[PDB]
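Report on the structure given below.
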Amino acid sequence: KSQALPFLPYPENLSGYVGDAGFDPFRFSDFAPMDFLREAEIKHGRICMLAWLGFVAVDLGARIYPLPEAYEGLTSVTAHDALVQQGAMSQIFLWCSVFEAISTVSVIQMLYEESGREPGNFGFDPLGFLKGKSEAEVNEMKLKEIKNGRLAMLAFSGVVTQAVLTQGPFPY
Amino acid sequence: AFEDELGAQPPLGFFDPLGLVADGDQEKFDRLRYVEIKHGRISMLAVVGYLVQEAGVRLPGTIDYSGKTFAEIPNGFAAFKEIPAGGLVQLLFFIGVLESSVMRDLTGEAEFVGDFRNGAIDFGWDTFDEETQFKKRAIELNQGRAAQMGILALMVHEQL
Amino acid sequence: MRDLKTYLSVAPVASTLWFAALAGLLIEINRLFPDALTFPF
Amino acid sequence: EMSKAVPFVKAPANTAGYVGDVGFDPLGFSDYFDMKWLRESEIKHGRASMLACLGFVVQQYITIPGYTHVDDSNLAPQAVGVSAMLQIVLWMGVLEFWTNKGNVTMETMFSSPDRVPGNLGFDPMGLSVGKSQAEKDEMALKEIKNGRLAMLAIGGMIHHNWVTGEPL
Amino acid sequence: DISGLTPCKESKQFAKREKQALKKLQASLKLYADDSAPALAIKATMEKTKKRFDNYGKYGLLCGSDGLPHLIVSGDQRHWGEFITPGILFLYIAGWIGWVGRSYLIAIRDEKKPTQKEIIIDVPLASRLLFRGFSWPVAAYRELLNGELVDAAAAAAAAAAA
Ligand code: CLA
Ligand code: CLA
Ligand code: CLA
Ligand code: CLA
Ligand SMILES: CCCCCCCCCCCCCCCC(=O)OC[C@H](COP(=O)(O)OC[C@@H](O)CO)OC(=O)CCCCCCCCCCCCCCC
């Protein structure tokens, strides 16, 4: 009954979600609450979309203009260890962790005690892309977000592997 | 659908190959146009900058009190990195007061830019012709639309 | 999670948190102002 | 239903009739503690910060005769001693007992049906006397906001010098 | 001085203790190379040790023939930092705890289940009470001359004897 794997039964929990495909062979959906799993895949995707592009811009060649002197002569493989010696990575960790302590409050209010917030919606639409859209357009955008989120998880995973194997130009 | 708007001039008419105001939202056109008009003239002042600068026309005198003169300054992207560190701050400051002063004019998306008589000079909206403004604002947009491709030339025809 | 909060309010959990915060209070003060036999400092 | 400030956690209850209300309480302190005490705290933390933001800046350039000019405000107590410092804080105490007619704890304060937060009775000049309610609400929004700016300020002024060793 | 003691900055035996404590750490330092972690640790230990002797020398403490600091608790005001001033400090914190803890028991007493709130703390209520003991010498004094500090003799159960 599964659309991805037609020799499997349908996993009986994936119904109602934006990306469906019937793809859950190991059946984590019967174990974990299905709002919580969609949280992760949205958050895992959104980091990897920024991590892919962010990891490349610095290797195609693009750096910040003021240049503290600590960001000199560093590729992205080396740019983790020299920076934590500077204080950049100790900071971004702080302001991420500020947002995560708020998000911890939100995810417990959603899973248990009924916030009604969507798995990955933080109300962040300054430019109004979805306002006025019907359900056929909101479900399409959300769908587009995960796909590119799904593509970028596998894309980034290779390229950090590819770069440490063959240390060189951005194409590896 | 989205025709008879500002600056859709015919050598083409309806410049939308890939559905960008329609699949944007209800309104991104109101963002996009505000967004476009600002990009057009920063390119214009870049084009009118980079050309008049290249002819060697300089301001007579020094730029600071330590004796750096304007005529000691070549061009390209090599001139922003030459004007001193404090000299760049006062550039950016009463620019950064004015993306604050113009974005917040009690309406954001209804009126466009927040016209150049915000500071030191004062604007009249009452003298307001219906027919005259359609051509003149569509010259102005389309001057910048070519100027963006023109400044994209001289920024990229330096590196190669 | 009002039941985990009542679990965090039970006496042995509050005692270890209070002591952990209070031992580390004394350790930190002895790290910056060590060897204070008396007020002489 | 949801918070105005941060619109992905639930709106905090029992913060409605207060001046700087934008629904910002993600850790839920107003659920657990009395709201009149929390407001009175926030105003007092703000007023001490606003006086310390003037102080930290004006102390570099003005110094009263008899004292020693100190390059960094932070090093001033060392340049004034301890006797002068204790006189300040012990008189602050006496000014605080008289302030709230002797009700100085979190159990004795706000035991009268009068005694609203931040109303000291202090108004020698007559600023905001006999005016309407909207104007009064507007001027109370200014004292909170400038006090909140000054708290995060007086951190930075004090902190800047901690690392470095020279004035502002 | 008092008891035939000498101040520590002028004690010949206190100075010998300082030298021998440093010599012991220097002879341990010589077996390591200069940039390594054991050499930096022992160098920091000799700084901590040297600052410990300097601190006492100017401290104003009294030494004996043994070369060790002694403390004077007669009540002299000149040796206050030794017992009085840390004594007043402890009394402030110990009387703060006893007062605050007692406020808690008296508060949850008038209730269906007082015993329930001793194994499972009403933290919002407890947190409030903990910081009200900053002015305990005034609060313990108001209840003494009220009648709410000590109970009457006909309210305490007593052993058959008396
Ligand atoms: C292609 C990826 C993609 C897509 C389709 C979406 C789609 C969506 N996001 Mg989302 N998001 C993404 C990436 C994406 N996001 C990333 C990477 C992050 C992390 C910063 C977020 C963080 C985020 C939050 C926090 C929230 C959303 C929300 C939303 C929804 C409403 C906003 C919207 O449509 O804007 C997307 C519209 C687009 C046209 C995508 C922008 C494409 C960019 C501009 C491409 C350019 C790349 C790069 C910037 C180029 C720079 C130049 C380079 C050379 C350096 C919608 C479903 C909101 C939501 O769920 O409400 C329903 C919400 O609260 N997103
Ligand atoms: C092991 C040793 C030890 C030590 C050293 C302490 C020490 C302390 N305990 Mg703990 N405790 C201990 C063991 C110990 N405890 C044990 C074994 C138990 C049994 C489990 C407890 C149970 C316990 C309880 C229940 C409580 C404490 C509390 C306290 C504190 C009371 C004094 C205080 O709050 O600061 C001193 C504070 C002041 C002097 C402030 C003065 C008053 C203000 C208004 C003046 C403002 C001046 C101004 C800010 C100055 C700035 C001016 C500027 C110009 C410089 C203190 C830090 C109390 C506490 O934590 O407080 C909330 C408390 O409730 N203790
Ligand atoms: C996973 C995300 C991620 C992480 C962890 C890092 C981490 C790092 N980057 Mg990097 N970067 C990223 C994404 C990321 N980047 C992206 C997406 C871009 C393209 C815009 C860049 C472009 C970039 C440059 C040009 C440089 C770095 C540098 C660095 C290093 C120092 C921090 C710094 O200067 O940040 C600078 C970061 C930026 C300029 C971009 C941050 C944009 C954030 C992550 C996304 C925007 C968030 C926002 C909510 C989205 C909506 C806003 C909307 C208006 C667009 C550090 C290792 C510097 C370095 O040392 O290189 C060796 C450096 O010079 N990065
Ligand atoms: C709660 C808010 C807060 C914060 C964020 C700070 C932050 C700071 N204060 Mg500060 N301060 C505060 C409240 C605060 N203070 C208060 C209320 C007071 C009393 C009024 C002071 C009094 C004070 C003084 C008097 C001074 C400071 C100084 C400093 C700075 C020193 C940084 C530091 O400690 O290194 C943080 C340490 C690290 C980042 C090292 C960690 C490195 C390793 C690799 C990380 C891994 C180890 C990890 C921590 C262990 C994990 C934990 C475990 C549970 C797993 C820093 C900006 C001083 C300063 O700037 O001097 C430098 C200075 O003069 N402050
Ligand atoms: C040099 C400074 C001395 C000047 C004293 C200033 C007097 C303060 C004004 C009194 C309030 C008058 C207003 C209404 C008058 C009124 O009714 O309020 C009296 C006030 C308590 O009032 P209430 O009873 O209304 O408060 C609530 C009570 O019912 C408790 O539930 O108690 C005091 O006055 C304390 C005065 C300070 C006492 C200072 C003595 C110092 C003792 C500290 C001991 C240190 C111990 C160290 C550790 C060992």
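By order in the structure tokens, chains are A, B, ...; within a chain, residues start at 1; ligands start at 1, following the order shown.
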
Please check which protein, DNA or RNA residues sit within 9 Å of ligand 5, counting only C-alpha atoms and all ligand atoms, and write them as a ChimeraX atom specification. /D:90-91,93-105,107-109 /E:87-93,95,135-139,142-143

Shell of 7 Å around ligand 3 (only C-alpha atoms and all ligand atoms), written as a list in words: residues 47, 48, 50, 51, 53, 54, 55, 57, 58, 62, 63, 64, 71, 74, 75, 76, 79, 80, 83, 88 and 89 of chain A

Hey, which residues sit close to ligand 2? Say within 9 Å, counting only C-alpha atoms and all ligand atoms, and write them as an NGL selection string. (:C and (15 or 18-19 or 22-23 or 25-26)) or (:D and (77 or 85-86 or 88-90 or 92-93)) or (:E and (90 or 92-98 or 100-101 or 126-135))

Considering only C-alpha atoms and all ligand atoms, give me a table of residues in chain C that are at most 12 Å from ligand 4, with the closest atom pair and distance in Å for each, as CSV.
```
residue,atom,partner,partner_atom_place_in_ligand_line,distance
C:20,CA,ligand 4,54 (C),11.6
C:21,CA,ligand 4,54 (C),11.9
C:24,CA,ligand 4,54 (C),11.5
C:28,CA,ligand 4,34 (O),11.9
C:32,CA,ligand 4,25 (C),11.5
```

Would you return as a ChimeraX atom specification the members of segment 6-137 of chain E that DSSP assigns to helix (DSSP H, G or I) on this structure's backbone? /E:8-10,12-29,37-59,80-82,84-107,116-119,123-130,133-137

I need the chain C residues near chain E as an MDAnalysis selection string; criterion: at most 9 Å, counting only C-alpha atoms. chainID C and resid 6:12 14 34:41

Neighbourhood of ligand 1 at 9 Å, counting only C-alpha atoms and all ligand atoms, reported as a PyMOL selection string: (chain A and resi 42-43+45-51+53-54+57+62+118-131+138-149) or (chain B and resi 24-25) or (chain D and resi 8)

Pull out every residue of chain A sitting within 10 Å of chain C, counting only C-alpha atoms, and send them as a list in words. residues 108, 109, 112 and 113 of chain A

Residues of chain A near chain D: apply a cut-off of 7 Å, count only C-alpha atoms, and supply the list as a list in words.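 My answer is residues 102, 105, 106, 115, 117, 122 and 123 of chain A.
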
List the neighbours of residue 65 of chain A out to 12 Å using only C-alpha atoms; skip same-chain residues closer than 6 positions along the sequence, and give me the result as a PyMOL selection string. (chain A and resi 71-72) or (chain B and resi 80-81)

Could you save the residues just selected, with N, CA, C and O atoms, as an mmCIF file, in the first residue's frame?
```
data_model
loop_
_atom_site.group_PDB
_atom_site.id
_atom_site.type_symbol
_atom_site.label_atom_id
_atom_site.label_comp_id
_atom_site.auth_asym_id
_atom_site.auth_seq_id
_atom_site.Cartn_x
_atom_site.Cartn_y
_atom_site.Cartn_z
ATOM 1 N N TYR A 71 40.474 35.753 10.587
ATOM 2 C CA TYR A 71 39.838 35.042 9.483
ATOM 3 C C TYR A 71 40.715 35.120 8.235
ATOM 4 O O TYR A 71 40.201 35.244 7.123
ATOM 5 N N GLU A 72 42.031 35.050 8.407
ATOM 6 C CA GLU A 72 42.949 35.151 7.276
ATOM 7 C C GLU A 72 43.652 33.842 6.931
ATOM 8 O O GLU A 72 44.240 33.193 7.796
ATOM 9 N N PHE B 80 36.873 52.693 -2.296
ATOM 10 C CA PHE B 80 36.193 52.547 -1.014
ATOM 11 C C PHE B 80 37.159 52.096 0.073
ATOM 12 O O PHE B 80 37.002 52.480 1.237
ATOM 13 N N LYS B 81 38.166 51.299 -0.286
ATOM 14 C CA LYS B 81 39.157 50.829 0.674
ATOM 15 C C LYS B 81 40.230 51.865 0.978
ATOM 16 O O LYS B 81 41.140 51.579 1.763
#
```

Using only C-alpha atoms, which chain D residues lie at most 7 Å away from chain E, written as a VMD selection string? chain D and resid 32 to 33 105 to 106

Once you have the residues from the selection above, write them out as a PDB file, in the first residue's frame, restricted to N, CA, C and O atoms.
```pdb
ATOM      1  N   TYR D  32       4.182  32.398  38.422  1.00  0.00           N
ATOM      2  CA  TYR D  32       4.614  31.883  39.711  1.00  0.00           C
ATOM      3  C   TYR D  32       4.717  32.948  40.781  1.00  0.00           C
ATOM      4  O   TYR D  32       4.495  32.650  41.954  1.00  0.00           O
ATOM      5  N   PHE D  33       5.048  34.176  40.413  1.00  0.00           N
ATOM      6  CA  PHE D  33       5.284  35.234  41.375  1.00  0.00           C
ATOM      7  C   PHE D  33       4.274  36.351  41.192  1.00  0.00           C
ATOM      8  O   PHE D  33       3.633  36.473  40.147  1.00  0.00           O
ATOM      9  N   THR D 105       9.407  43.769  52.668  1.00  0.00           N
ATOM     10  CA  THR D 105       9.616  42.420  52.172  1.00  0.00           C
ATOM     11  C   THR D 105       8.543  42.072  51.156  1.00  0.00           C
ATOM     12  O   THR D 105       7.619  42.842  50.903  1.00  0.00           O
ATOM     13  N   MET D 106       8.747  40.928  50.515  1.00  0.00           N
ATOM     14  CA  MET D 106       7.872  40.420  49.470  1.00  0.00           C
ATOM     15  C   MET D 106       6.552  39.921  50.023  1.00  0.00           C
ATOM     16  O   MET D 106       5.729  39.380  49.293  1.00  0.00           O
TER      17      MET D 106
END
```

So what do you get for atom CA of residue 28 of chain D versus atom CA of residue 158 of chain D, distance-wise? 29.1 Å

Selection near segment 119-123 of chain D, 12 Å with only C-alpha atoms, sequence-local residues under 3 positions removed, as a short mmCIF file (atom, residue, chain, number, x, y, z; two decimals) with N, CA and C atoms, in the first residue's frame:
```cif
data_model
loop_
_atom_site.label_atom_id
_atom_site.label_comp_id
_atom_site.auth_asym_id
_atom_site.auth_seq_id
_atom_site.Cartn_x
_atom_site.Cartn_y
_atom_site.Cartn_z
N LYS D 36 2.68 42.50 40.92
CA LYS D 36 2.98 43.82 41.45
C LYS D 36 4.41 43.92 41.95
N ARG D 39 6.74 44.15 38.73
CA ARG D 39 6.72 45.45 38.08
C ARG D 39 7.55 46.42 38.91
N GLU D 40 7.28 46.46 40.21
CA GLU D 40 8.01 47.33 41.12
C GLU D 40 9.50 47.05 41.09
N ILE D 43 10.83 48.56 37.51
CA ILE D 43 10.97 50.00 37.56
C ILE D 43 12.19 50.40 38.39
N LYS D 44 12.42 49.72 39.51
CA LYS D 44 13.50 50.12 40.40
C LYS D 44 14.87 49.77 39.84
N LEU D 95 16.41 55.48 53.24
CA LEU D 95 15.55 56.08 52.24
C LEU D 95 14.53 55.06 51.72
N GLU D 96 14.81 53.78 51.92
CA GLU D 96 13.94 52.70 51.46
C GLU D 96 12.94 52.24 52.51
N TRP D 98 11.57 54.39 54.78
CA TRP D 98 10.62 55.49 54.76
C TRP D 98 9.77 55.47 53.51
N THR D 99 10.33 54.91 52.45
CA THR D 99 9.71 54.86 51.13
C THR D 99 8.39 54.11 51.14
N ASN D 100 8.34 52.96 51.80
CA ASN D 100 7.18 52.09 51.70
C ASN D 100 6.51 51.88 53.04
N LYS D 101 6.55 52.91 53.90
CA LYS D 101 6.07 52.97 55.28
C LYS D 101 6.42 51.73 56.11
N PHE D 110 2.79 45.75 49.26
CA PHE D 110 1.54 45.51 48.53
C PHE D 110 0.53 44.76 49.40
N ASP D 114 -4.16 50.32 48.36
CA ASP D 114 -3.41 51.37 47.69
C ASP D 114 -2.00 50.88 47.42
N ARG D 115 -1.06 51.79 47.20
CA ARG D 115 0.31 51.38 46.95
C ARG D 115 0.46 50.61 45.64
N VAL D 116 0.25 51.29 44.52
CA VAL D 116 0.41 50.68 43.20
C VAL D 116 1.89 50.67 42.85
N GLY D 126 5.73 68.80 39.42
CA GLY D 126 4.36 68.73 38.98
C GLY D 126 4.18 68.08 37.65
N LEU D 127 5.19 67.36 37.16
CA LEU D 127 5.07 66.63 35.91
C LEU D 127 4.02 65.54 36.05
N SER D 128 3.04 65.58 35.16
CA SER D 128 1.90 64.65 35.12
C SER D 128 1.06 64.71 36.40
N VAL D 129 0.34 65.83 36.51
CA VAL D 129 -0.60 66.08 37.60
C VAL D 129 -1.85 66.74 36.99
N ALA D 140 4.32 56.65 31.10
CA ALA D 140 4.78 55.46 31.82
C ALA D 140 5.42 54.44 30.89
#
```
